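Quick heads-up: it's one chain on its own, the form deposited in one PDB entry, in structure tokens.
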């Protein structure tokens, strides 16, 4: 229905705003764009489902997220990709891991404070009905 379309449009606007707040934080610059296969030719070979915040925006705009739970699975991938690709004790790896954990924690904290649980429940039930 059009009311359901209105619900998903409000979801899209909410997710666009959370993603923009993450993308303008200087800590998260490395997560804003895909990894350049020049700088890092092994990336695409190690990480099978690359994800970054620009890809998340394109997904929102393609109507790929019908719930905040699905959006958070992609935020979780940005985090787990960096834990897998940068697992060493050296400070460059530790700094990327801490930034990727902080991204994830920040997205979950904004959602805890600003997502109404009944709005998420509605999205989940429309999705499950499709």
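Numbering follows the first chain given and starts at 1.
From this point on, the text means the form solved in complex with a partner chain, which you will not see here.
The three residues 35, 42 and 86 all sit with a heavy atom within 4.5 Å of its partner chain in the deposited complex. In the deposited complex, its partner chain sits beyond 4.5 Å of every heavy atom of residue 76. Its partner chain is not drawn, but in the deposited complex it has no heavy atom within 4.5 Å of residue 70.
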